[PDB]
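*Asks:* There's a structure below that I have some questions on.
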Amino acid sequence: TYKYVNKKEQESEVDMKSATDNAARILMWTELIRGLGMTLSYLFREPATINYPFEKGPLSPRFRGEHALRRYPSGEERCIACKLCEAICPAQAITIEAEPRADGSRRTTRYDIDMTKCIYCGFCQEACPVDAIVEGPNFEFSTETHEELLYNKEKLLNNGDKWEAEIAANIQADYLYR
Amino acid sequence: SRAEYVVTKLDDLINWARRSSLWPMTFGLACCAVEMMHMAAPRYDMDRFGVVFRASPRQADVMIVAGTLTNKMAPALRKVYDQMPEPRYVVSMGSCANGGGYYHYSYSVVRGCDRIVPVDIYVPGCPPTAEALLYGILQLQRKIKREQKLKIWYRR
Amino acid sequence: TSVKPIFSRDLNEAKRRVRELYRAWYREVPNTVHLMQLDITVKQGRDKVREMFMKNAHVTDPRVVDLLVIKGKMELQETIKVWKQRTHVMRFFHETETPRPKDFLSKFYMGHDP
Amino acid sequence: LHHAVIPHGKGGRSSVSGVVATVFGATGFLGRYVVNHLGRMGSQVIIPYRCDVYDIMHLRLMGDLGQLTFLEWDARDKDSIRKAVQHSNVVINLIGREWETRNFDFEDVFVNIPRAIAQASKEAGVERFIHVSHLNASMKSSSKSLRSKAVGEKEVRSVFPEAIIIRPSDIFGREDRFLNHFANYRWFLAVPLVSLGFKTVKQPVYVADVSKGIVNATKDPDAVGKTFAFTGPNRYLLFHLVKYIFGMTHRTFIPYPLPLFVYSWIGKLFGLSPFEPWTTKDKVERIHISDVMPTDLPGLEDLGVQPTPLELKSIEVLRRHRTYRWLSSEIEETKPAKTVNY
Amino acid sequence: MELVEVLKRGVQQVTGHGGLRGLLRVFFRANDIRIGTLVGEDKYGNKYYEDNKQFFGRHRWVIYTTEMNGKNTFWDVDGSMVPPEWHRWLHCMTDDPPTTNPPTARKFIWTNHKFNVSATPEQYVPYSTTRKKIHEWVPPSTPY
Amino acid sequence: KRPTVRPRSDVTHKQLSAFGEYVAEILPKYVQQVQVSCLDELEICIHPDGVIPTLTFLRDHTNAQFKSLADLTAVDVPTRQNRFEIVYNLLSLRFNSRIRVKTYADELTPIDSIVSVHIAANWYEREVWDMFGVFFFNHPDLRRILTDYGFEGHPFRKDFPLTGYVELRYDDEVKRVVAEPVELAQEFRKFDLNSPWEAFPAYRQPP
Amino acid sequence: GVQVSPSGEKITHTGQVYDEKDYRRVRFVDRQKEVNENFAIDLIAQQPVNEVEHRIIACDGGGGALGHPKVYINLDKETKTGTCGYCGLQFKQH
Ligand SMILES: CCCCCCCCCCCCCCCCCC(=O)OC[C@H](COP(=O)(O)OCCN)OC(=O)CCCCCCCCCCCCCCCCC
Ligand SMILES: NC(=O)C1=CN([C@@H]2O[C@H](COP(=O)(O)OP(=O)(O)OC[C@H]3O[C@@H](n4cnc5c(N)ncnc54)[C@H](OP(=O)(O)O)[C@@H]3O)[C@@H](O)[C@H]2O)C=CC1
Ligand code: SF4
Ligand code: SF4
Ligand code: SF4
Ligand SMILES: [Zn+2]
């Protein structure tokens, strides 16, 4: 079905009353006083803004931000260098170089993320079979140097040891959906 | 009391001025500019901080590279940065401009605005939440707050 | 053998168009060094024109020559107008690339390349 | 020869050369070209600075990720120099003012700071050291700058032999203090010249040639204990040089003579300036002493650089001063300068 | 009437932060006066107030400290100083603060949070986590 | 009836096969290999000389009012000597249907242009020339669109590298955005993903 | 295991440290290198063996869908013990 937006049904009915009304629309700007009144109404409403550093925007557990490399509750490193977080990374941001650890364990000697190539898509954390790399809540990690945004294993593990108290909760909230 | 202390407080004043009034440019290229608009929007209002846009680069104190920088649009960016009158600052916004981003390996992309303009502050994201761009702008304010120019001039 | 033409029955009728294009470029260079304030002399601009022409003198297929004429007319359009800036024009000169050494022993001193 | 020093790549950006270098006057007019030529082919460049971080931003670029490290220092504070040269092969000295200050004199710029850096470099164990004195630098001179540079050129050789001393003539570039200096004499309605500019000879060199020469000196197996005369070709005469400047810059030319003592007094009162002054007594002297014939020193051609003539590069720097009605005017409308051999 | 009641509410706002010192310390520092309920104080100084009669960007807010790790944040404040236990509640991923539903304790979790370090020392510098792959030949220290 | 698979009809297939016979027998001087797919998308393949007549036919014929150009693509297949498969997606708006006309080309066997039929083809022909190197006769402008002005190369050709042959950056020596050759700090990592097992016997190529 | 080298740099769990002559120590001037102090080798060594009764058991992390895939480990050997591939926990039977 369709409908017309600017098609007059039919014309040619005018008397002195309608002429007066149109001539008073003109010469008084009556359809402009309505815009003035609208903007005046908006002057007396509560503004939608927030004192940002002190009160902030609402986010959800699914929110995907800064990355982190997680650990088990035993402190054991949770990644195993299965090397598919970089298989699927559609920006080729992730590199891995892996070896046995001298304990006899599949673990990494390298986990880099050029966060200037990352598109923050979540594919790595929904591809990891062990919930090792995640995309956490921190969106406030701006820098004054390009080289700082090129991460490695130690920075990601620092993030994990920092944000575990948040990431564990976000995961607890969002699983049963993923 | 001391000339050095007077110089320090004067520099604090000039930094306060340039920090409480930094006028960015209407220069947005790609999706990241939408989050710049959202920062301009009511929730994260920029004019609250003295940060209002100006269209001409000569009436501007900062430029925000909110989008992907291509080989065809780099001369224009550099002309604009040049035409901006010093003191001037740059904010690279988004993965496409910090580095090459999701278009790093393509034939028509410069792999960072670092190669064309000198960046003061990098904001990551694809897109960066306007919350995050705002954090980066206040971080640039903090950077201006510690410039120590007249101090070093006195110490020349 | 037994192929279709484009704009050229033969190679001489293509060299005709080639010379028309060389002519347009020769007559355009003094205006391009003036309109957009290049920092070169008209002599070396026209030498660059002849260089980028003799970069393709080995060719004998008329069709390739016609396509090169077409692309030259495109670049001439872009240059007659100011669709392209000083950057693009001075791109031709390679004012920053060090000369590729055309000698064996230099290549051996730096790099595994032939 | 550490494996990280091996030169990989096709000689360009994102490659490696083995030229880990400190550039001390990096925040200036020549240091920017040196850093650009070092980063263009791939080489880490430590940049010690005292200026604000605002005045190192044009240097923040011109290098792939990591190949540009900045760190602050103080010439008064030793233990800020070993910090820099502890990790390098090469050390390049480009420090020098054109005027004294209440803090730093000429000795304390051209003698004591090179000597300090050279002691620190001989202790650290770097392989090369490029010093940059002047062509006219001699202990028997009229200018304090030149005599101080002679003293430093001698003392650096004493304390750090196996050094390299480059002696350029008056350099010209986009933000020089030579051609722009002559061109900025139009705000005053006439240009003074001692003896009308005659009996004074100038052999000026382009910046990029000096930079390429330094950048090859840090790679050539020769040039280990040797001086250099980075002069450029085409010895010009000062009157005709200024005339070429004022023809390229299409303004006018109203020259007139002026004795050295009154022009020196003018330089002094202009040097009473807390900011970067315009003219000074030593600048006047250095302008009005001829360039030495370099016929007994190697030069650029013995190091891998063809000197670019000033008639090829002058418009790039002097178009800034042209008015409308003359801005869109070409190099072939300036009747080039008469030369000399002497 | 109601004008008098809003004036009373403003009087309470003016007079619920201690005194003039305590009022200016919040007004010159956060540009707001709105009084709320103290949810809990952090182990650095942060306060984390709440007032659910407002709308869904202001029902929760922070009042930062004046010294976090020897940095003097009386003026230079940043959002990186909210630790993760309160980040989740402040960005409204929960209706459950850590004073009632705290997080799990772990030996490897950081005790002391760190704000953003970008220009300071003790910032981040990347490096190859790997090792030498192609080993060289060390010649002998004797001749012939 | 099966939920996971896509539903299937036959009336669209029959209609499009009928219309394919229609075009095939009405326009035999040009037409090759009419085909209709499992998904019912009619697809007529044409000699390059037949472009204007076929497109004018499908635009202006009464039982085929294909008077809207949706896409105009090209597809590089280096194997076949006539590389570039050129595609014309159309729709009718009178019969609520689409059709696809196809031709072929090469680096030196160009094609007549279509602005005399579909003005929408102007910028698409420009894009195709820029990306693949197919020249179009009697075109008004026929300059680049998408590539930089000083650009040598036809990027969407399969023999063109993804990263290109030139890279840009600003230089203080000359104060321009110079173009240096290409030198990446991280080579693109080509992944060999194709499995060594026949997944679809229906498309099995015999030797 | 954050023992240092004689060059003063911390050494990582991937024993990585730069040589003394390696010029790449510059980047840690007026700076430091991020290294994680909590090594997983020593930590998972600081974990006892979970004795069991059967010769074959399973291991997930402990959350179920929050750990790792279920794997079974044989415990017939007595001289040594079982070990999980994903985690590093150990098991034995009496
Ligand atoms: C005793 C017998 C004798 C008595 C003699 C007196 C007889 C009565 C005279 C009444 C005349 C009133 C003046 C009217 C002038 C305007 C004329 C007019 O027609 O409107 C002009 C313009 C036209 O609008 P349009 O719809 O396009 O119609 C034109 C078609 N030809 O419409 C516009 O101008 C609108 C564009 C301008 C918008 C600007 C924003 C206006 C905002 C309103 C603010 C009002 C505040 C005024 C306060 C003034 C205080 C000093
Ligand atoms: N026309 C020319 O340029 C000529 C130059 N030369 C030689 O070239 C070299 C540099 O030339 P130019 O680049 O023009 O000099 P500039 O004045 O252009 O820059 C000099 C550098 O020295 C640094 N500097 C000066 N004084 C001090 C100090 N007291 N403590 C620390 N750093 C200091 C400055 O750093 P900041 O700005 O941070 O103080 C500045 O970057 C000098 O050796 C000079 O003799 C020789 C002949 C001609
Ligand atoms: S997918 Fe997970 S376990 Fe596999 S390499 Fe990536 S982070 Fe490690
Ligand atoms: S979020 Fe996406 S783009 Fe970013 S690292 Fe993970 S897979 Fe790569
Ligand atoms: S970084 Fe992401 S959001 Fe920003 S311009 Fe690039 S693709 Fe768009
Ligand atoms: Zn397990």
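Chain labels run A, B, ... following the order of the structure tokens; each chain numbers its residues from 1, and ligands are numbered from 1 in the order shown.
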Ligand 6: which residues are within 8 Å, counting only C-alpha atoms and all ligand atoms? Reply as an MDAnalysis selection string.
*Replies:* chainID G and resid 59:61 67:71 83:89
*Asks:* Write down as JSON, numbers by chain the residues of chain A whose backbone DSSP state falls under helix (DSSP H, G or I).
*Replies:* {"A": [16, 17, 18, 19, 20, 21, 22, 23, 24, 25, 30, 31, 32, 33, 34, 35, 36, 37, 38, 39, 40, 41, 42, 43, 85, 86, 87, 88, 123, 124, 125, 126, 127, 146, 147, 148, 149, 153, 154, 155, 156, 157, 158, 159, 160, 161, 162, 163, 164, 165, 166, 167, 168, 169, 170, 171, 172, 173, 174]}
*Asks:* Hey, list the chain G side of the contact with chain D: 12 Å cut-off, only C-alpha atoms, answer as a list in words.
*Replies:* residues 18, 19, 20, 21, 22, 23, 24, 25, 26, 27, 28, 29, 30 and 31 of chain G
*Asks:* Compute the chain B side of the contact with chain D at 12 Å, counting only C-alpha atoms, and hand it back as a PyMOL selection string.
*Replies:* chain B and resi 81-82+86-90+98-99+111-121+143-144+146-156
*Asks:* Under the rule of at most 9 Å, produce a per-residue listing of chain D near ligand 2: chain, number, name, the closest pair of atoms, and the distance in Å, as a tab-separated table, using only C-alpha atoms and all ligand atoms.
*Replies:*
residue	atom	partner	partner_atom_place_in_ligand_line	distance
D:24	CA	ligand 2	23 (C)	6.9
D:25	CA	ligand 2	21 (C)	3.9
D:26	CA	ligand 2	41 (O)	5.2
D:27	CA	ligand 2	41 (O)	3.6
D:28	CA	ligand 2	41 (O)	3.6
D:29	CA	ligand 2	18 (O)	4.1
D:30	CA	ligand 2	13 (O)	4.3
D:31	CA	ligand 2	13 (O)	5.9
D:32	CA	ligand 2	13 (O)	8.3
D:48	CA	ligand 2	32 (N)	8.4
D:49	CA	ligand 2	38 (O)	5.3
D:50	CA	ligand 2	38 (O)	4.7
D:51	CA	ligand 2	38 (O)	3.8
D:52	CA	ligand 2	38 (O)	7.5
D:55	CA	ligand 2	38 (O)	7.8
D:56	CA	ligand 2	38 (O)	8.6
D:73	CA	ligand 2	31 (C)	8.0
D:74	CA	ligand 2	31 (C)	6.5
D:75	CA	ligand 2	30 (N)	5.2
D:76	CA	ligand 2	30 (N)	8.1
D:93	CA	ligand 2	43 (O)	6.9
D:94	CA	ligand 2	9 (C)	4.2
D:95	CA	ligand 2	22 (O)	3.6
D:96	CA	ligand 2	42 (C)	4.2
D:97	CA	ligand 2	17 (O)	4.7
D:98	CA	ligand 2	17 (O)	6.5
D:101	CA	ligand 2	29 (N)	8.7
D:103	CA	ligand 2	29 (N)	7.8
D:104	CA	ligand 2	29 (N)	5.5
D:105	CA	ligand 2	29 (N)	8.1
D:106	CA	ligand 2	29 (N)	9.0
D:108	CA	ligand 2	29 (N)	7.2
D:109	CA	ligand 2	29 (N)	5.7
D:110	CA	ligand 2	43 (O)	7.6
D:113	CA	ligand 2	30 (N)	7.9
D:131	CA	ligand 2	43 (O)	7.7
D:132	CA	ligand 2	43 (O)	4.9
D:133	CA	ligand 2	45 (O)	5.4
D:134	CA	ligand 2	46 (C)	4.9
D:135	CA	ligand 2	47 (C)	7.4
D:136	CA	ligand 2	47 (C)	9.0
D:145	CA	ligand 2	45 (O)	8.0
D:146	CA	ligand 2	45 (O)	8.5
D:149	CA	ligand 2	45 (O)	7.6
D:166	CA	ligand 2	46 (C)	8.9
D:167	CA	ligand 2	46 (C)	7.0
D:168	CA	ligand 2	47 (C)	5.2
D:169	CA	ligand 2	47 (C)	5.3
D:170	CA	ligand 2	48 (C)	4.4
D:171	CA	ligand 2	1 (N)	4.3
D:172	CA	ligand 2	1 (N)	6.3
D:173	CA	ligand 2	3 (O)	8.4
D:175	CA	ligand 2	18 (O)	8.7
D:176	CA	ligand 2	1 (N)	6.0
D:177	CA	ligand 2	1 (N)	5.9
D:178	CA	ligand 2	1 (N)	6.2
D:204	CA	ligand 2	48 (C)	8.8
D:205	CA	ligand 2	48 (C)	8.9
D:207	CA	ligand 2	3 (O)	8.1
*Asks:* List as a ChimeraX atom specification the protein and nucleic acid residues near residue 70 in chain F, meaning an atom at most 8 Å away when only C-alpha atoms are counted, but skip any in the same chain fewer than 6 places from it.
*Replies:* /F:88-91
